[PDB]
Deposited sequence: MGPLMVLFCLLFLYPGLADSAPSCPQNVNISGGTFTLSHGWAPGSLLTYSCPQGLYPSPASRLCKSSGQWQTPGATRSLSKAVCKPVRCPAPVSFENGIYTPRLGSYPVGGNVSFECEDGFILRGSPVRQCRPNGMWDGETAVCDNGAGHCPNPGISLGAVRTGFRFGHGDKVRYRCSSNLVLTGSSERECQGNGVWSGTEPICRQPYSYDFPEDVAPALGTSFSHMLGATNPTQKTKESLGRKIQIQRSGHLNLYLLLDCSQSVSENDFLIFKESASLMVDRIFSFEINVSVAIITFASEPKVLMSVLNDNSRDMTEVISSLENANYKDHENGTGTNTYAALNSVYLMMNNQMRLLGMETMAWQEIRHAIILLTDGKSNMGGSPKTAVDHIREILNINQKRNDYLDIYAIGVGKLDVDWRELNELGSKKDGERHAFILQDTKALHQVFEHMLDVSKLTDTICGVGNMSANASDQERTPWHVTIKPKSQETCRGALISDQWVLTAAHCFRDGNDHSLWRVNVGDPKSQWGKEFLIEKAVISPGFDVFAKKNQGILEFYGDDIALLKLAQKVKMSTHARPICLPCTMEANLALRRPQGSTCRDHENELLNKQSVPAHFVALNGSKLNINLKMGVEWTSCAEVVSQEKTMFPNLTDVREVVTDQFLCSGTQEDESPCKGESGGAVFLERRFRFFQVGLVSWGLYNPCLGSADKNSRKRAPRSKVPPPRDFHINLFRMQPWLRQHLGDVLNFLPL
C-alpha cells in the first residue's frame, strides 16, 4: 500500500479508495489558506505522485502599476486581512473604493481604484490589481490589452475597445488566482443585476446541468434543487418566459425543450426537472459541454425555422443560458466553438448584445478551471457572469437569495 506520511500542516486530508493504487488523496485547509499540493496520486503502489504539503497562506495580488497615482502601503503580495489605500495626484478624481481589504478568498473588495481627468473620450478603464494594461490612449475606437502577472489567470476581457457610446467593450478584467473562489454574498447581487438587465417581450432561458462521474449524486441533487428554485422565482415575476432543462454528459440528454408549449408552465417544468436521475447518465460519464451548447444551438435553429426569419415574434426573444458545471470539459472539442455558433446565429453585435447572456457557474474545489468558465461566460461592462463556488451548499445559498 501507499505510505501514510501524507499529512498536511494546519489542515486535514481525505482519500477516495483508501491506500490502494489509483486512489486519489484530497487536501483541505481552513479558509484563508490554500492546499499545496492540491491532490496526490497513490500511483501503481509507488510513492505518492503530485501534479512536503503545507497550507500556505492566501495572498491577494499586489498592484503591478497604478497610473497617475500612488498606493500605500507597498508590498509584494498583501496577506489576508491587509489594507491598501489609493489616493492619487491633483487634477485627477478617484473612482472606486480608496480602501480595499484583501478578503480570505484571494480577492479584494470594492471597485478597482482609478482616477481619470476626463479628457479622453471614454472613461479610464484602469489597471486592475494584479494586471497590466497596454495602450494609454482613450480615444474613440482605441484599444487596450490586458495581461496577468506571476501565476494569476485572467478572468474577464483580455481586450477592450472604446466604443462610441462612451463605454469600453467587454467587462473589466480581474486577474485571479487558481485557488481563488467566490463567496455567495459577493456574487448574489451580480447575478441579480445581470438577470435584471435580462428581464428589462419574451425571454428564453436554458438551464444546463452537469451529471458526469466527477459530480456526485448528492451534488447533482443540489444542482437540481438550485435549478428548481431558479425556475420557481422567474415564473413568480409574471414575465413571459420559456425555460428549458438540459442535463449533459458524454452525450447530452434533453429533458425539456422551448419548442414544446409546456415550457411556460411552472408545474410542467418542475415535473420534468424532478424526473431527472443519475442512471441515464451512468452508462456514459463524460463532460461534453460542447455537445450541450450544440443542443442549445439546435433549439435556437428550430425556434428560428418555426418562428421565421424576420418575424417580430422572434426578434424580441432574449436568450439567457445557465451552466452549473465543474468546468472539466474533456470531450467534444472546445465549448467556445458552439458559443461562436450561437453568437453568429443570433446576429450578436454592439446593439443586440442585450439578447444573449451566458452564465457559467462553476462548482467544486479540486478540478475547477478558471479559463474554461471565463471563456464560456459572457463579458459585459459592469457585470460578472463566470463564478466559482467551493460547495453546492454555496450554490443553493446564492440562488435562494439571488433575486430581490
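Unmodelled regions of the deposited chain, listed from N- to C-terminal end, are 1-22, 74-80, 230-250, 455-752.
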